[PDB]
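Counted from 1, the sequence shown has number 42 at position 43 by the authors' numbering; the numbering is strictly sequential.
All C-beta atoms, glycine included, are put in the ideal place defined by N, C-alpha and C.
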Amino acid sequence: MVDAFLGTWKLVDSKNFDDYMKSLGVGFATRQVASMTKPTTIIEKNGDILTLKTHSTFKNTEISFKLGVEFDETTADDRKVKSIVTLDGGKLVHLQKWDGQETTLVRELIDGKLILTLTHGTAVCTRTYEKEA
Ligand SMILES: CCCCCCCCCCCCCCCCCCCCCC(=O)O
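1. Measure the C-alpha to C-alpha separation of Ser-55 and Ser-34 and round it to an integer number of angstroms.
2. Which one of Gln-31, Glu-61, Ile-42 and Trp-97 has the shortest CA to CA distance from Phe-4?
3. Check whether the segment 13 to 28 touches the segment 116 to 125, taking contact to mean three or more Cβ pairs, one atom from each stretch, closer than 8 Å.
4. Ends of the alpha helix (DSSP H) at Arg-30?
5. Looking at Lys-52 and ligand 1, is the gap between the Cβ and the nearest heavy atom below 7 Å?
6. Examine ligand 1 and report whether any of its heavy atoms sits within less than 7 Å of the Cβ of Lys-44.
7. Is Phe-57 close to ligand 1? I mean its beta-carbon at under 7 Å from any heavy atom of the ligand.
8. Expressed to the nearest angstrom, what Euclidean distance is found between the alpha-carbon atoms of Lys-96 and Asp-110?
9. Do three or more CB pairs link the segment 21 to 28 to the segment 80 to 90 at distances below 8 Å?
10. Which class does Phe-70 belong to by DSSP, given the choice of helix, strand or coil?
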């Protein structure tokens, strides 16, 4: 179900990430560094457990989760959120909840590229990831 998402992915296009970060209250200096960063995302599974790593020159994160089971997460911008990841229409949908707020991180495969759509408030960001061999 999730297997075409697995592997190492490199950022190759970003649209509106500053809008998304600003909506979350990320400070200007952080947004500035993050606008030039090209993370690597690694998605691996071991049975029912997925591990999603995001690596860059500015910040690393790692989460492990079971699809459909809530987990605690501390985001790159230090929000303490309640998270759940599920497959929905073949997309990997990550919902974060905190302080009555929500944001979604939706990953889809289109022509072998990984498209990540980030929504918070009215801000919508689209990031495109290609495969690393
Ligand atoms: C994911 C952190 C990776 C480190 C890269 C250097 C900074 C860019 C990521 C964000 C760190 C700055 C704070 C804002 C983070 C917002 C929420 C997560 C968005 C992930 C976008 C994506 O996975 O492409």
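According to the data block:
1. As a position in the sequence shown, residue 55 is number 56, starting the count at 1. As a position in the sequence shown, residue 34 is number 35, starting the count at 1. Taking the straight line joining both Cα atoms gives about 12 Å.
2. Numbered from its first residue, the sequence shown carries residue 4 at position 5. Checking every option, the nearest Cα to that of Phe-4 belongs to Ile-42.
3. With a cut-off of 8 Å on Cβ pairs, the segment 13 to 28 is in contact with the segment 116 to 125, counting three or more such pairs.
4. Here residue 30 refers to the residue found at position 31 when the sequence shown is read from its first residue. DSSP places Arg-30 inside the alpha helix (DSSP H), whose first and last residues are 27 to 33.
5. Within the sequence shown, numbered from 1, the residue matching residue 52 stands at position 53. False, no ligand heavy atom lies under 7 Å from that Cβ.
6. Position 45 of the sequence shown, counted from the first residue, corresponds to residue 44. With a threshold of 7 Å, the Cβ atom of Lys-44 does not count as near ligand 1, since no heavy atom of the ligand is closer than that.
7. The residue labelled residue 57 in the question sits at position 58 within the sequence shown. Yes, ligand 1 has a heavy atom inside 7 Å of this Cβ.
8. Your numbering for residue 96 matches position 97 in the sequence shown. Your numbering for residue 110 matches position 111 in the sequence shown. Computed Cα separation, rounded: 31 Å.
9. Taking a cut-off of 8 Å on C-beta distances, the segment 21 to 28 does not touch the segment 80 to 90, as fewer than three cross pairs fall below it.
10. Here the question's residue 70 lines up with position 71 in the sequence shown. Here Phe-70 carries a strand assignment [DSSP, helix/strand/coil].
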